[PDB]
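Structural overview for review
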Amino acid sequence: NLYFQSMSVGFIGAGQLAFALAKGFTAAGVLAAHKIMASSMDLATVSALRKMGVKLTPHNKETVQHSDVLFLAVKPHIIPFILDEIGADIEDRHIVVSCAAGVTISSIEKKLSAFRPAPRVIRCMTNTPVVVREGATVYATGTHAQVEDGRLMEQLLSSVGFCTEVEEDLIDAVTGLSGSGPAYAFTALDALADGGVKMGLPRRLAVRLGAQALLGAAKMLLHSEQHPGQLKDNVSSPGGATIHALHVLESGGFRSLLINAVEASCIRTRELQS
Amino acid sequence: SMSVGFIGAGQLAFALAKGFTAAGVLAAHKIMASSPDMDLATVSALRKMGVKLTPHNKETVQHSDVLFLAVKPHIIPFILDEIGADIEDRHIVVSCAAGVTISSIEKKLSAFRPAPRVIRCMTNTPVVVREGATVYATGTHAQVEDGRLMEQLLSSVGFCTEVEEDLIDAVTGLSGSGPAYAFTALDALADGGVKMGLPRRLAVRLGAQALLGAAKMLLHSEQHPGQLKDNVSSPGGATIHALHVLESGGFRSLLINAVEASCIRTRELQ
Amino acid sequence: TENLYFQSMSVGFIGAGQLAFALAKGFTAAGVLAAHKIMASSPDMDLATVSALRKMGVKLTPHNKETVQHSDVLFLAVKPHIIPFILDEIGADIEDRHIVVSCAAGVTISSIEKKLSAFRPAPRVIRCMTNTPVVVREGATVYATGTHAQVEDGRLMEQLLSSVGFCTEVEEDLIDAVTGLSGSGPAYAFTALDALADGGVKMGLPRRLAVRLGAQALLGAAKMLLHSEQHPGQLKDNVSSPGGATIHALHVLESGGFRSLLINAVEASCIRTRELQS
Amino acid sequence: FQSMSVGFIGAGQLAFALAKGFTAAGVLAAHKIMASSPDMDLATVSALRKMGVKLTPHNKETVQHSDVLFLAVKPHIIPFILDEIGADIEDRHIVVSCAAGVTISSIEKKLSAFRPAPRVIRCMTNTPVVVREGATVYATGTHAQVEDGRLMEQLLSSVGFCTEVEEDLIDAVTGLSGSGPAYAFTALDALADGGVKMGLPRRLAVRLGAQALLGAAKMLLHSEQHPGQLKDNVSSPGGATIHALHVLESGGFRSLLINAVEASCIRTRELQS
Amino acid sequence: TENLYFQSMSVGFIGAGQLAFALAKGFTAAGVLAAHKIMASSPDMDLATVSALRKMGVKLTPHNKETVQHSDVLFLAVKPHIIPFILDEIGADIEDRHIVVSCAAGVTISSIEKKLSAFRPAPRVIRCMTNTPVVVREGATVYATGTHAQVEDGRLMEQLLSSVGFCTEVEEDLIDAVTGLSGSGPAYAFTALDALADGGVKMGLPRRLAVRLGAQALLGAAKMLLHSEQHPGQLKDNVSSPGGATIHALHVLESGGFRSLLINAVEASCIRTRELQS
Ligand SMILES: [Cl-]
Ligand SMILES: [Cl-]
Ligand SMILES: [Cl-]
Ligand SMILES: [Cl-]
Ligand SMILES: [Cl-]
């Protein structure tokens with residue numbers, strides 16, 4: 001029955017992330033949709049937000065004056081433009097939460113400190129499954145963030161999934177793992193379904209079964225105290241179908257591809273910083 | 001009022017007994033399990049839960065109303081010969097064995113009594129957290145009420161739907177073997193997290209959460225998985241770079257290979 | 001045809017190669033321009049493309065200056081390394097009325113404006129990236145407007161180029177990526193159609209039928225996607241029946257990394273375009 | 001011709017695509033089409049329903065409704081269908097099998113048990129009939145009249161390219177234009193991913209890639225040139241395109257498409273067996 | 001030209017496709033036959049190859065029987081699966097004088113003699129494997145003589161076919177392998193020349209020049225080897241200077257298994273020919 005009585009939230013950016021978080025927060029019951037405002041405007045996401053009850057506006061300054069907690073849900077290269085546009089509208093009360101991949105706390109604070117000293121900044125990396133309250137979020141607190149700010153951020157983002165504080169220099173690696181992770185899974189689920197269809201399953205059933213399989217396996221591991229290799233061993237019977245299929249995954253270097261992916265996403269994130 | 005029996009007391013019977021009791025569909029002590037090996041760790045875990053154990057398959061048959069066969073495919077004909085004479089009118093015999101056809105079971109049971117009620121099912125271990133993926137097919141003598149009971153039971157521990165029996169070998173290669181594909185994926189994702197500087201514990205937690213959230217997102221969405229992939233991939237961004245490296249390794253083809261190989265091996269077992 | 005006609009517009013082409021013939025043929029076929037309001041100039045007035053233009057009734061000249069004096073809208077349809085020589089040649093002949101439309105891959109608006117501003121301030125420059133299928137009115141074109149382009153200039157250029165295909169304005173820093181996708185795209189398709197026909201022939205079809213069927217398949221699929229609200233993967237799903245022929249063939253494409261090769265190609269063309277840009 | 005009624009045994013994606021195309025071409029009214037399926041819970045059945053197509057669970061009703069009867073079920077179901085409604089075939093019927101792999105001979109053999117001289121046509125078409133740009137071939141059976149072939153060609157030409165072929169080409173056509181649109185949808189998704197990787201919005205990338213393919217295909221159809229000559233025509237020396245063509249060649253791109261046509265054709269021959 | 005002239009020889013072609021035009025064009029160019037002593041027949045008397053034959057002055061007819069009655073040497077220039085239908089059609093029209101020269105890939109002398117012997121004993125049959133470059137008098141041909149071929153028949157056929165290229169007698173059981181090497185060889189070369197030209201274009205050559213240079217290189221190298229007493233690897237050594245451009249490029253061919261692909265191709269064509277033979 002958590003509810004943030006005094007909190008007004010703003011989103012600068014009204015895209016996939018802003019929609020997902022607002023949907024997750026209101027689904028959780030921690031915020032009413034009308035205490036949320038977003039800015040952008042003929043966008044698909046912006047049409048959905050209006051249905052939820054989220055206030056909307058084409059003016060980033062209005063989002064800023066509305067908001068206590070202010071999410072910057074824009075692309076990495078737009079962040080500097082945003083900070084210069086509303087930097088003079090930042091007030092003591094604002095917590096500026098940057099969601100942009102790769103953009104450092106140091107740089108946001110540099111840009112905002114030209115307007116007022118000690119802006120309160122948090123960097124976060126979340127993902128779209130917050131829209132079903134199963135996101136994966138990490139955050140790091142900035143130089144002038146108050147101790148209550150990180151706790152407030154964690155209580156809010158925990159309502160829509162996993163959330164934990166990390167040192168900032170981990171966030172690029174988290175981006176390559178849980179930020180890009182859902183995309184890896186959507187690709188895997190499409191391919192698994194193609195597999196089921198090749199072997200004679202109707203597409204709709206193959207998609208449902210593959211997604212249920214992944215969901216159940218992920219929950220099993222989250223609820224288990226066991227190594228994922230131990231769960232693999234437990235479900236593989238001698239001579240059986242599963243160990244045969246695991247061999248063909250191994251023969252294509254399946255494991256190395258996923259390592260390559262996490263690495264490539266992390267490295268590109270570091271390039272976006274620079 | 002219904003009582004459940006397991007012939008076989010391995011990972012599947014544990015997982016199903018744990019899920020059924022967790023769902024509250026029946027009490028641990030209304031379940032009975034028999035195994036040739038009373039020293040397996042799954043048997044000791046069943047004991048802890050409060051499930052009744054016996055070495056005698058006949059005891060399980062006479063205890064049970066719904067009787068699951070959770071033994072290895074090549075054991076099924078020996079089990080059917082052992083307790084065929086003890087099947088009664090009331091029994092619904094649910095074979096969980098990969099590859100084994102309703103026809104072959106009905107033929108062996110029919111030697112002892114006409115009209116055995118047989119259901120064939122393919123499920124997976126995540127029933128242990130009530131998120132299994134189950135399909136079933138009803139046999140010649142299975143009443144319509146039998147399929148409904150079966151679906152209501154297996155829905156308490158995850159997704160459950162009736163299929164034509166000729167789909168079950170392919171289901172085996174997708175959701176039967178699927179969790180093992182995911183556990184492999186999760187170990188490798190965590191290795192990638194660790195390579196890039198994350199502590200192992202956090203990397204495992206984030207990868208598992210990413211997969212759980214993605215799967216739930218897809219189940220709750222009306223969108224194609226490629227559309228979701230498109231929605232979360234920004235231009236020039238980190239995710240589309242990493243998807244390119246998956247593509248360059250033929251990632252999709254490996255998962256197709258896996259489903260095919262597990263399905264083909266399942267067909268070899270019958 | 002297109003229910004447009006630019007009655008007061010003289011169009012000039014510097015360069016009389018494949019692209020100039022493709023655009024002139026598309027414009028005249030669309031009815032938006034009469035071939036005699038078009039003039040083209042070429043250093044090789046013997047190219048096969050020059051013979052066809054003459055047949056169409058396009059005016060031809062060996063003198064780039066004569067094309068400039070004739071035209072209002074001036075298409076620079078030359079190779080990227082030649083744009084600087086052309087601008088030095090006719091830069092003093094640009095007048096207030098001229099809209100200079102550079103078609104050269106990679107050449108930035110910045111660089112054209114810099115070379116032209118040596119002769120006259122405020123040249124009106126547009127950068128476009130189009131492709132040869134404008135010759136059958138199914139081109140794909142993007143454009144970006146320069147510093148001194150008037151608002152009406154980009155609107156006029158979009159009207160003209162939409163008569164021969166898809167056309168939209170983009171930020172200039174997207175054009176290198178577009179070059180890699182729709183600029184080089186037809187060549188990817190011609191390679192694919194040749195290979196698909198070889199496959200049809202291997203399995204016993206006459207070559208003519210195989211080329212016809214393969215091209216019709218690609219045309220129909222592309223039209224289906226354009227007219228659909230669906231994701232290409234949904235359409236892929238919709239047409240792959242369980243256990244069937246199509247899903248078996250899709251598996252062999254996946255085993256070869258088919259998707260990754262197409263991503264590689266867009267990337268390689270885009271990166272090469274950026275190298276020409278420097 | 002004005003009284004012609006069409007039936008589909010099968011209410012899947014092909015039945016929908018053909019019904020959509022036929023009615024878009026104004027060939028006949030949606031209510032002059034009847035489709036049957038064992039599963040009425042299909043989305044394509046919902047699509048057909050909203051179109052105005054009459055729907056039934058009874059193949060016999062579809063047979064009695066129709067004059068031109070399309071068989072648009074999976075290859076392994078055809079023999080059960082033929083046994084089920086073979087006694088309901090009448091002299092007016094033209095039976096058009098769309099099933100992959102299934103031979104005219106085998107259809108005539110099953111139907112001949114019920115009535116001499118069944119009029120059978122085999123065709124291979126594809127989903128783009130839904131936008132009237134299908135690729136269709138057909139072969140006429142033993143008892144098909146010359147009029148039947150002409151009617152067949154007029155009907156399937158209203159929704160795209162259509163030509164008569166020897167039956168022994170149809171398996172290969174299946175691997176080329178039957179499966180072709182799926183190869184293109186895969187290619188278009190990948191091309192879009194490449195455009196997005198290089199900084200384009202997804203929506204624009206899909207649009208540009210589809211337009212590129214549509215235009216290239218139309219150019220080739222309208223050209224008297226070899227596709228390799230058109231490739232040469234648009235490949236400038238040292239340029240972006242020839243660099244990208246090299247990376248396609250380095251991956252064996254051409255051989256993958258050959259492999260795909262071959263694999264689809266071979267599978268089609270297995271479905272027959 | 002060739003200082004031969006078969007003044008009493010009437011030649012017939014059943015089939016009027018690429019191979020019939022290639023041979024007729026080579027024979028008449030060599031001067032060994034006048035186009036009017038040649039007759040060709042085709043089921044499609046509208047093929048482009050039929051238009052050219054008519055231009056040459058070759059007699060044309062839709063009736064295979066009329067070609068048979070006209071000719072002394074009778075070339076069967078049809079697809080392997082059609083040879084049996086042709087032999088059933090004209091078998092009763094074969095006379096003592098006829099030499100039946102089958103060009104079809106894979107079809108054995110045995111099978112032709114069996115089908116023809118149903119009508120007349122002792123048909124004179126020759127099996128040959130040639131290629132399209134006979135059209136420029138640089139074909140590569142082998143032949144094997146049948147059971148009832150007279151000694152003079154194989155000598156006559158070698159005289160005729162040597163006027164348009166290399167020609168030699170082989171045991172019939174070598175012809176499938178020859179098909180894989182010189183029968184399919186020109187197609188390997190056309191593929192190689194297209195790829196080499198693409199390479200020249202990538203590195204900045206105009207396409208026309210690149211095709212010209214690549215073809216001249218291949219022609220010159222093949223002529224060097226034919227006129228040399230040396231092993232091709234010795235010639236490779238002789239032209240690769242230490243540390244130089246050529247040896248660097250040879251390394252990248254080796255890294256791709258270039259040699260193994262060419263071996264694979266000969267093998268695949270030979271094995272396919274054997275499958276057609278069955
Ligand atoms: Cl995401
Ligand atoms: Cl499992
Ligand atoms: Cl082009
Ligand atoms: Cl299709
Ligand atoms: Cl040849």
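Here the numbering of residues is sequential along each chain, from 1 in written sequence order, and it may depart from the entry's numbering. Residues without coordinates do not appear. Whichever chain is written first becomes A and whichever ligand is written first becomes 1, with later ones labelled in order. All values in this entry refer to the displayed chains, which constitute part of a larger assembly. To get the side-chain values, take all heavy atoms of the structure and skip hydrogens and water. Residues with missing side-chain atoms are left out of burial classes, side-chain pairs and their counts.

1. Quick notes on the overall build of chain D
Within chain D, the secondary structure is distributed over 12 helices and eight strands. Taken along its principal axes, the extent of the C-alpha atoms in chain D is 70 × 40 × 30 Å. Taking the intrachain contacts of chain D between residues at least 6 apart in sequence as the baseline, contacts between residues at least 24 apart amount to 67%. A run of H or I in DSSP counts as a helix once it spans at least four residues, and a run of E counts as a strand once it spans at least two, with each numbered from the N terminus. Every residue pair with non-hydrogen atoms within 4.5 Å of one another is taken to be in contact.

2. Considerations on the packing of helix 8 (residues 181-198) of chain A against helix 10 (residues 225-232) of chain B
For every element, the axis is a line fit to its C-alpha atoms; helices are fit only across the contacting stretch, and the angle between N-to-C directions ranges from 0 to 180 degrees. Between helix 8 of chain A and helix 10 of chain B, the shortest axis-to-axis distance is 8 Å and the interhelical angle comes to 160°. The angle between helix 8 of chain A and helix 10 of chain B falls in the class roughly antiparallel. Two packed elements cross with a definite hand, and for helix 8 of chain A against helix 10 of chain B that hand is left-handed. For the pair helix 8 of chain A and helix 10 of chain B, the contacting residues are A183(A), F186(A), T187(A) and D190(A) in the first and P225(B), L228(B), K229(B) and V232(B) in the second. Throughout, the term roughly parallel applies to angles under 35 degrees, roughly antiparallel to angles over 145, roughly perpendicular to angles from 65 to 115, and oblique to all others. In this scheme the handedness of a crossing depends on how the near helix is turned from the far one: anticlockwise by less than a right angle means left-handed, clockwise means right-handed.

3. Quick word on the UniProt feature "binding site: NADPH" in chain D
Residue and element names in this part refer to chain D. The positions that UniProt labels "binding site: NADPH" are, in the present scheme, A11, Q13, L14, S37, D39, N59, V73, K74, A100 and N233. In summary, the annotated positions, distributed over 223 residues, remain apart in three dimensions as well, the widest C-alpha pair reaching 53.9 Å. Here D39 shows up in the loop between strand 2 (33-36) and helix 2 (43-51). Considering the arrangement of structural elements, one finds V73 in the loop between strand 4 (68-71) and helix 4 (78-85). Looking at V73, the relative accessible area reads 17%, which means it is buried. Excluding residues that lie within four positions of it along the chain, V73 makes contacts with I9, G10, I78, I81 and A99. UniProt positions are given in the numbering used here, feature names are shortened, and annotations may be inferred rather than shown by experiment. Here the term buried applies to any residue with accessible area under 20% of the maximum for its type, exposed to any over 50%, and partly exposed to those in between, with areas from a 1.4 Å probe on protein chains only.

4. Looking at the sheet that holds strand 7 (residues 139-145) of chain E
Residue and element names in this part refer to chain E. Pairing is mixed across the open sheet formed by eight strands, whose spatial order is 3-2-1-4-5-6-7-8. Looking at the sheet topology across the chains shown, the edges are occupied by strand 3 (59-61) and strand 8 (165-169). For this sheet, the mean angle separating the axes of adjacent strands, direction not counted, is 20°. In terms of strand pairing, strand 1 (residues 11-14) meets strand 4 (residues 73-76) through four bridges, oriented parallel. Note on strand 4: the bridge partner recorded for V11 is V73. Helix 6 (residues 151-162) rests against strand 4, strand 5 (99-102), strand 6 (124-129), strand 7 and strand 8 of the sheet, and its axis sits at about 165° to strand 8. One bridge is not enough; two strands pair if DSSP finds at least two bridges between them.

5. A few points about the domain arrangement of chain A
Interface size is often expressed as the accessible area that is lost when the parts come together. All names here are of chain A. Segmentation of the chain into domains, including their bounds, is taken from an automatic or database domain assignment. Taken domain by domain, chain A holds domain 1 (1-174) and domain 2 (175-274). Domain 1 and domain 2 are separated by 30 Å when their C-alpha centres are compared. Counting residues at the interface gives 12 residues for domain 1 and 11 residues for domain 2. At four residues, helix 7 (residues 171-179) tops the list of elements feeding residues into the side of domain 1 that touches domain 2.

6. Some remarks on a negative patch on the surface
What makes a patch is a set of residues exposed beyond 30% relative accessible area and free of salt bridges, joined within 9 Å when like-charged and within 5 Å when nonpolar (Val, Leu, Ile, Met, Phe, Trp, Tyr). Here the accessible surface of atoms and residues is derived via Shrake-Rupley with a 1.4 Å probe, and residues count as covered only by protein chains that are part of the display. Any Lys or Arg side-chain nitrogen found within 4 Å of a carboxyl oxygen on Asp or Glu counts as a salt bridge. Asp and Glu are treated as the negative residues and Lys and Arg as the positive ones, with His and the ends of the chain left uncounted. Every charge is mapped onto a representative atom, which is NZ of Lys, CZ of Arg, CG of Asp or CD of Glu. A contiguous patch of negative charge, built from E85(A), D89(A), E91(A) and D92(A), is present on the exposed surface. Counting through the fold element by element, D89(A) comes out in the loop between helix 4 (79-86) and strand 5 (95-98).

7. Points about the pairing of strand 8 (residues 158-162) of chain B
Here five bridges tie strand 7 (residues 132-138) of chain B to strand 8 of chain B, and the two strands are oriented parallel to one another. Across the sheet, residue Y136(B) finds its bridge partner in strand 8 of chain B, namely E162(B).

8. A short note on the domain arrangement of chain D
All names here are of chain D. According to the domain assignment, chain D consists of domain 1 (1-173) and domain 2 (174-273). Facing the 12 residues of domain 1 at the interface are 12 residues of domain 2. Among the elements that make up the side of domain 1 that touches domain 2, the one with the highest residue count is helix 7 (residues 170-178) (four residues).

9. Some words on the sheet that holds strand 7 (residues 139-145) of chain C
All names here are of chain C. The strand order across the open sheet formed by eight strands is 3-2-1-4-5-6-7-8, and the pairing between neighbours is mixed. Where the open sheet ends on each side, the last strands, each with one partner, are strand 3 (59-61) and strand 8 (165-169). Adjacent strand axes in the sheet meet at a mean angle of 20°, parallel and antiparallel pairs treated alike. Across four bridges, the pairing between strand 5 (residues 99-102) and strand 6 (residues 124-129) is parallel. Bridge assignment links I99 to a residue of strand 6, and that residue is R124. Of the strands in this sheet, strand 5, strand 6 and strand 7 touch helix 5 (residues 109-117), which is tilted by about 145° from strand 6.

10. What to know about the packing of aromatic side chains
Two rings belonging to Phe, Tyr or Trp (six-membered ring only in the last case) form a pair when the distance between their centres is within 6.5 Å. Interplanar angles under 30 degrees mark stacking, angles over 60 mark edge-to-face geometry, and anything in between is tilted. Within the structure shown, the criterion is met by 12 aromatic pairs over all chains. Consider the rings of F11(A) and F71(A), whose centres lie 5.0 Å apart with planes at 15°: the pair is stacked. Relative to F70(D), the ring of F22(D) has its centre 5.9 Å away and its plane inclined at 40°; by these criteria the two rings are tilted. Of this pair, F22(D) sits in helix 1 (residues 13-24) while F70(D) sits in strand 4; the two residues are 48 residues apart in sequence, bridging distant segments of the chain. Residue class for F70(D) comes out buried when judged on its relative accessible area of 0%. Charge-over-ring contacts are defined here by two conditions on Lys NZ or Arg CZ: a distance within 6 Å of the ring centre and an angle within 35 degrees of the ring normal. Cation over ring: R208(A) sits above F159(B), and NZ or CZ is 4.1 Å from the ring centre.

11. A look at unusual backbone geometry
Non-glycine residue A122(C) carries a positive phi angle of around 65°. Within the secondary structure, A122(C) sits in the loop between helix 5 and strand 6. Positive phi outside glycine occurs at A117(D), with the angle close to 55°.

12. Structural notes on the interface of chain C and chain D
The interface is formed by 94 residues belonging to chain C together with 93 residues belonging to chain D. Broken down by element, the residue count for the side of chain C that touches chain D peaks at 19 residues, all from helix 9 (residues 207-227) of chain C. Side-chain classes are defined by residue name, with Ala, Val, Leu, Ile, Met, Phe, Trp, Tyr, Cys and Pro counting as nonpolar, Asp, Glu, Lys and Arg as charged, and the others, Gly among them, as polar. Considered class by class, the residues forming the side of chain C that touches chain D number 54 nonpolar, 28 polar and 12 charged.

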